[PDB]
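Each value in this text was obtained by applying a stated rule to the coordinates, not by laboratory testing. Note that each Cβ is placed from the backbone with ideal geometry, even for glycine, and that neighbours are counted across all protein chains shown.
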Protein chains: 4
Amino acid sequence: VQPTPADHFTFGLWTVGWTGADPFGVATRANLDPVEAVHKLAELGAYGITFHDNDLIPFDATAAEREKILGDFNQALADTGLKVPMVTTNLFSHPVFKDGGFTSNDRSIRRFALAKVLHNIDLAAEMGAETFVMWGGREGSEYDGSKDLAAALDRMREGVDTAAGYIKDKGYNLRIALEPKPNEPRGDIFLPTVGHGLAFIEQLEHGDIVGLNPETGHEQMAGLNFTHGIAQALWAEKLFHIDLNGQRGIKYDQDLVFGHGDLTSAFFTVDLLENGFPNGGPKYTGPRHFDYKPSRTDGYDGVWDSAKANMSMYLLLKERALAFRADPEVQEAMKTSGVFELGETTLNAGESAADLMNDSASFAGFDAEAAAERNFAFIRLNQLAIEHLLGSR
Amino acid sequence: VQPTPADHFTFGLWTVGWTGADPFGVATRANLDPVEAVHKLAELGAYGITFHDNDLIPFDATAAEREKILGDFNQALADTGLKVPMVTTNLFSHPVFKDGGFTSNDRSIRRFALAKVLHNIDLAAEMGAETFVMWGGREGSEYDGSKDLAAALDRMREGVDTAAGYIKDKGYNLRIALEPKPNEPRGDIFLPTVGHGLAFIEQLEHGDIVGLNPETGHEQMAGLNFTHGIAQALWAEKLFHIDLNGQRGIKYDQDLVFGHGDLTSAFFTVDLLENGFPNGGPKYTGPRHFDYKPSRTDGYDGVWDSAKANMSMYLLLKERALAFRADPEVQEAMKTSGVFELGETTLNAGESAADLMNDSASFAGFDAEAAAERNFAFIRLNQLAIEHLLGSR
Amino acid sequence: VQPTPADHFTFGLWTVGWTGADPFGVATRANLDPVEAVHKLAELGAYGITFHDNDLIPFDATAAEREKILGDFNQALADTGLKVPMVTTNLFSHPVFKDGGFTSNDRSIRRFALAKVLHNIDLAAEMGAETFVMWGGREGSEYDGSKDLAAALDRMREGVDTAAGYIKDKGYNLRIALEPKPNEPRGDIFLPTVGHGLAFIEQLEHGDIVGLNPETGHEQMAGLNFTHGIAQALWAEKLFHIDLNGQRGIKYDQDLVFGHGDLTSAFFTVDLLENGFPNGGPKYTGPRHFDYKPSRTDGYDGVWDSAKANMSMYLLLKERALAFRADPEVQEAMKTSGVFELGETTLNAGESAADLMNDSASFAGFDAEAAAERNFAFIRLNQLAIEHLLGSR
Amino acid sequence: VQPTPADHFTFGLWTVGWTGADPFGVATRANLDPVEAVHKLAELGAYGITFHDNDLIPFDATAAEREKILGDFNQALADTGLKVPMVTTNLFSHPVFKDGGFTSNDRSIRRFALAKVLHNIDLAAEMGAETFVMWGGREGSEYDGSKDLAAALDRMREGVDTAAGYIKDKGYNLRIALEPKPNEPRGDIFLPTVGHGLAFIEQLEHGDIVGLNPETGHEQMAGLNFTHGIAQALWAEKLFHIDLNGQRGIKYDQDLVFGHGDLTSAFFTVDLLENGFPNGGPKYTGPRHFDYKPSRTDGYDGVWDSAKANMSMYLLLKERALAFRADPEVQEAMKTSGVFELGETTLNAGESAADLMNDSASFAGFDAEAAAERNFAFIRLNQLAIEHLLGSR
Ligand SMILES: OC[C@@H](O)[C@H](O)[C@@H](O)CO
Ligand SMILES: OC[C@@H](O)[C@H](O)[C@@H](O)CO
Ligand SMILES: OC[C@@H](O)[C@H](O)[C@@H](O)CO
Ligand SMILES: OC[C@@H](O)[C@H](O)[C@@H](O)CO
Ligand SMILES: [Mg+2]
Ligand SMILES: [Mg+2]
Ligand SMILES: [Mg+2]
Ligand SMILES: [Mg+2]
């Protein structure tokens, strides 16, 4: 299994550049030069790279400094052939963002935050990014009385709609992808799950160009089914981007390599990305982006091993998911379990409520005890899927 | 503290009628006669009662039997003065619903399920119910390959839109309230949280009369902030009903008395229901419905004690939440923390993106280190709230 | 990868006999006869069967019927050759056990529960069981003031030590195994995890014959590492029996097939039972017991599929972990990461604390920053196990 | 409800000195001088202060500087009268401890870590500490094959017993207290809950002087009942110190003020430390230590508010639990529910197992169905505690 640029594996600069500082310790690794990250990822098989404005250009950087850094980074891009599919803003590390960016209680800070995003749209547009991600990690609270909850969502709408309006005004081919997370760093974050993000988008003035960026570990931190959430995002045609990593349970965000967390759930996520829905439906077409952190125990040899593991994991799952659905044994098991039956509409062509309530076959003379005897055989179909994942089939 | 019918405390027949059977044991209590439940709840101070079609009318009941049961139950209602604000359908206890009602893989079962709901709308309309709740508890899976996830949501939309269309056709004053739950009885349930429910409603043909019925313990089973979720439902004006109970953590659904689970979260939920948003916004106006289960350890003396505890808990929280917001000390603390500041729009009247990006005060000459010095004093405001809850203030 | 009696795969009569009632529904399958259970399990390759007293002998049976059911049961064991390695008592279904068996607040229920256990030890010895399991499912509370916590533990001690002394007194060749569970059906169960259960055994009078009976899903309900937990039971030489199944997250007890929950942890679980410790130490030589429940969506064909599936899953995993450890590239990776290094004692033969303190190269002259540079290469080691698991190596 | 030195409220130098860096951001407050820390804590009513070696003495300090910082530190203790009841070692921040202290895979880090601890025991004795705490924060793994689990426990044993033997050898009047934590910063920490820690102490050579140091939030991260856990530590007479704070659910370690997390459980926690057991038994007479972190949104005024808040919270709760138990209606409710009944032994003075077995009224002639009718009245008992807690009784 070898990743080729056609696989569309993208990595953020902060992923392999994650230095190791956590809540109980300092960094264990030296800073990564951005120029080296670009060359290194291109040798491993990356398609692209992504970044936060402050991953690249320091918060306090002067003008002279900004142009050097960009000169150096466009050089590298040109030399290697890597693309920049997504760009994001850091509205969480500086102490100024302690209560949030867009939903800070201080109005002057909300204004700085939105200014910092607008300037960043320009840069994203100049880099040729298709997607603009917003992760509001400081948007929320520890305490329930800290916020006016309706005001927090109005403030949130103000900023996303101003950023969308500007995109439209400037003529840029960028779509905004919002990224939900339940907790960490705040005790509770606003728009905690895929569902909250999707609901919020519908209340937006310019929601037409606003969609989601779900992350595997983030949905797993609330104990949800990551494959079920992306399937609701796909169905509403709002799956604009995706962040892939691993998580081993409800606890702090681990950011492990994709496949190094819940393995069967990873298998089924690859299946949906690659095979789509069993009865047909929309298909995800974008970057396969890995937002993980090489464990702090490992040196730089581990950093490039970890980057590699992400694409290997993904290609190994892909080989198994294609084989799985290709197996005639699996196709038969699927039909038996009613997987294609689910796709037939419940009512008949031009049948109304009234029409169905009256049908005696459907209700009054329906033999419920008889219908309850069907052996759905879900266990057998799940055993078949695991045997294809373990490659023993 | 005494509940008066003006408090609008409603109870389901299955709550106080919950008999005690759980996964490792049989019932510890005898069945509750519905006639007695109605008299008993009226003596305790209830405003109303709610039920599932099969709580009242048995699955196999004959026609003669159906009329006796309804004759008996309308008599009781007439005698006591209790109202029926909500009615729901049982699409989960009979073995026929083992794979769901609306999203069963078997098409004949989907048809029976929808027939069973349509007939139930009629009954709800005849009882004078304002709300029709749908809790799809068997909608989901244990295994990731069991379902065509897009087909599952299409099937789900079919049934809710057919039920809504019929309401409209018949002229009934009923709104549908969907009720999310992450898991139990299925390993994963479709539309797991408030956010998923809200997102789904937006894809509906007749979503105008479809809203939510959040339950305290259900959002807490995913570790979410129940007050934050109802605040997103309120903001989108989709909070049609509410189920109040307690839950002590991420585990099986406990259905404890309201206030017998996370106490501070209960305080803040009462605050939002009774005081609304600090800067103004929509207010919830419906029944305060308790969907709990009197612990199986307790006899019928405990059943009526438990029903009573629900309304006492609620009135005790209400007394404290009104006092809390009335305290001048709290009002000052709120302003200091920026709670009213959050309500001022971020941009100025007729200010555009461009206009803000250019403002030098807002970005380029913004002193971020200076702004980061503000002491939000969230801890102090949270200490003030707890002292009002403990009534030591 | 056909199990054979040599494999020591045991199954409980209540697993395959589980008819499907969950908290929101009734059974979906017909009762399973125990004679049918023995013949069917023996044709699939099981080595033995386990049961709870009331799984075979009804709570109400007269002596006549007890002896009648036992004769057909022993006949069936005789005809097939299944052994009966473990026996347990039901101290949870009947309404009398609503507050517990051994720790019921009511003294007359504690005596009845203890008498129930003592007569069950006589049947255990009669059957040839080597292990007598105690899962205290109703020992706990929903509310914190429901119990005196010190007295609850004196009452658990008194029952376990009384049962242990009787074993010793009659000269039975039996060991008691406790089974920890965090919750379900009590809100909080006493002795909730493997650790609690090991600590408790150290306060017993008859501790020498008391060990543990850990269950996969039970530790996963508290978010703990199942492999770490049994490691700790094994290291203390208290792993006397084991219950294997699947669980997908912190939620209600799912009891899936082993391998249908956290797959990667199942792999590492099989690795420790099968291979033991890398540097050598204790090993678990007991039966491999499956304590699961066939999903309720499935007929009797799914029941036997499910039972097959347990055995397959364990042999598939078994094979990959033998190949994993035999692999020369894995053994070198292990060496690099320090797995064998941890095997060496920290202090030198004869080195005292005073000695180590005084060794300038261990402390005053140690280069803490040079030592921090080591690449432990845990990501690569982890990536090697997963390729062995996916059957790619 | 003004704390006074008599109350035994202790605070760590790292709590109030916690500057705010979390995983997505830098400090938001200036460093706090330790002399300032002692004076400020002494004006608020603290009885003592605790610290980690590196909280006071930098990792790099020369001997000259160590002695210089200690002289100003002891001066400040002298001027104020604060005691120093517990001392601990930092075996987690420096990059060298990336795989652990005592259980690092690297042997030279195990020796360096142990030497670090041994010299810290000399400082502990010098200060007048009675307790030496060990939180093994980096002892664990992210991946299951990273460690040999039996060897990890031999290496934890060897370090704890070496430290214990040295204490005994020097005649220091010190006790070691272990502090369990399920995760954060390792994916899985060794000795994850109170039980694991108690079981482990029973395999030690020097067990007699080793006890526990449970922390509220740490058990709440595994979803366990904090009151049940310390009950079990207390019952085994292993509760040697206690760390109190707040946690709102299974998620990252929040370290809130005690009482700002699970309020009802805090009440019951205060009830056991303060009142002990209803039928009598052990009592915890040690210091009440607050191991928390002032939220990063707040200035230095919030830091002192937060510290005040800990003490207030505990005295408010203290008052309500003294009133709760003194109340004649609560004592009658306790009697009805069987709280004192559980205090009586199950067997009669002199009754043997054979005797109980043979008593027809305890088993053969027992009316299990009449006994199942008892109303335990646990809901009312629970409702009485909450009205005492809300200060309504
Ligand atoms: O939880 C942290 C988030 O996952 C970020 O890495 C974003 O994806 C981009 O700000
Ligand atoms: O989890 C069970 C649900 O809460 C039901 O009680 C509904 O509210 C109505 O079907
Ligand atoms: O959660 C249920 C427990 O696992 C029981 O099945 C015991 O193993 C047998 O009483
Ligand atoms: O989670 C962190 C632990 O609580 C530590 O603060 C120990 O108590 C002291 O090393
Ligand atoms: Mg992300
Ligand atoms: Mg409900
Ligand atoms: Mg079991
Ligand atoms: Mg601590």
What are the residues whose amide H is under 5 Å from the amide H of residue C:131, where those residues sit 5 or more places off or on another chain and H is modelled from the backbone? C:87, C:175
Assuming a ≥ b ≥ c are the square roots of the Cα gyration tensor eigenvalues, decide whether the stretch B:343-393 counts as rounded (a/c under 1.5), prolate (otherwise, with a/b larger than b/c) or oblate. oblate
Dipole of chain D, positive end: most advanced residue of D:150, D:78, D:354 [Cβ charges, Cα centre]: D:78
Among chain B residues, which Cβ is nearest the axis of the B-onto-A rotation, and at how many Å? B:195, 1
Tell me, what ³J(HN,Hα) does each residue in the stretch B:22-37 have, in order and in whole Hz, if you take phi through Karplus 6.51 cos²θ - 1.76 cosθ + 1.60 with θ = phi - 60° and put x for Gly and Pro? 9, x, 10, x, 8, 3, 10, 10, 7, 5, 7, 5, x, 4, 5, 4
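Please compute, for peptide B:354-366, the average count of beta-carbon atoms on other protein chains lying within 10 Å of each residue's beta-carbon.
Rounded to a whole number, the mean comes out at 4.
Treating the beta-carbon of each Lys and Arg as +1 and of each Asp and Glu as -1, no other charges, what is the dipole magnitude of the protein assembly as shown about its Cα centre, to the nearest 20 debye?
Charge dipole of the protein assembly as shown: 0 debye, to the nearest 20.
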Where in the stretch C:281-330 are there trypsin sites (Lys or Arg not before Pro) that are in a DSSP coil and have at most 16 other Cβ atoms within 10 angstrom of their Cβ? C:283
The answer for GluC sites (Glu not before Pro) in the stretch A:209-296 that fall in a DSSP coil and have at most 11 neighbouring Cβ atoms within 10 Å is A:237
Ordered shortest first, which distances in nm separate the 7 Å Cα→C-beta label point of residue A:171 from those of the other copies? 5.7, 9.0, 10.0
Nm distances between copies for residue C:351, ranked from closest, using label points 7 Å along Cα→Cβ: 5.8, 6.6, 8.0
Per the Debye formula with a single identical scatterer at each Cα and no solvent contribution, what log10 I(q)/I(0) holds for chain C at q = 0.08, 0.09, 0.10, 0.13 Å⁻¹? -0.49, -0.60, -0.73, -1.15
Using Cα atoms only, what is the angle between the long axis of helix A:226-235 and the major principal axis of chain A, expressed in degrees (0 to 90) to the nearest 10? 80
Please report the antiparallel percentage of DSSP beta bridges with both residues in chain C, rounded to the nearest 5. 15
The stretch A:1-59, relative contact order in percent, only Cα pairs under 8 angstrom and at least six apart counted: 50
Residue B:289 long-range amide H proximity, modeled H, under 5 Å: B:10, B:242, B:244
Read phi for every residue in the stretch C:314-324 and hand back ³J(HN,Hα) as whole Hz from Karplus 6.51 cos²θ - 1.76 cosθ + 1.60, θ = phi - 60°, with x for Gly and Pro. 4, 5, 4, 4, 3, 5, 4, 6, 6, 4, 4
Let me check against my output: what whole-number percent is the relative contact order of chain C, with C-alpha pairs under 8 Å and at least 6 apart? 14
Sequence of B:360, D:108, A:337 once ranked by neighbouring C-beta atoms within 10 Å, starting from the fewest: B:360, D:108, A:337
Average beta carbon contacts from partner chains per residue of A:261-269, 10 Å cutoff: 5
Of A:100, A:171, A:45, the one that fluctuates the most in a GNM where chain A has Cα springs shorter than 10 Å: A:171
Among C:390, C:46, C:323, whose Cα lies farthest out toward the positive end of the dipole of chain C, if unit charges sit on the beta carbon of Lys, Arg (+1) and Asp, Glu (-1)? C:46
By the mean-Cβ-within-10 Å protection proxy, highest first, B:370-376, A:347-353, D:68-74, A:255-261 rank as A:255-261, B:370-376, D:68-74, A:347-353
Using a label point 7 Å beyond Cα on the Cα-Cβ vector, give me the inter-copy distances for residue C:63 in nanometres, one decimal, shortest first. 5.7, 8.5, 10.5
Quick one: which residues, 5+ away or cross-chain, put their amide H under 5 Å from the amide H of residue D:50? H built at 1.01 Å from N. D:11, D:12, D:13
Listed residue (D:63, D:375, D:136) projecting farthest to the positive dipole end of chain D, Cβ model: D:63
From the phi of every residue in the stretch C:193-198, what ³J(HN,Hα) in whole Hz does the Karplus formula 6.51 cos²θ - 1.76 cosθ + 1.60 yield, where θ is phi - 60° and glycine or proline is x? 9, 3, x, 4, x, 5
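For peptide B:225-231, how many partner chain Cβ atoms fall within 10 Å of a residue's Cβ, on average?
Shielding by partners across B:225-231 averages 6.
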Calculated FRET efficiency, residue A:331 and residue A:372, Cβ-Cβ r, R0 22 Å, to nearest 0.05? 0.25
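Under a point-charge model restricted to the Cβ atoms of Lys and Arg (+1) and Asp and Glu (-1), what is the dipole moment magnitude of chain D relative to its Cα centre, in debye to the nearest 20?
About 680 debye.
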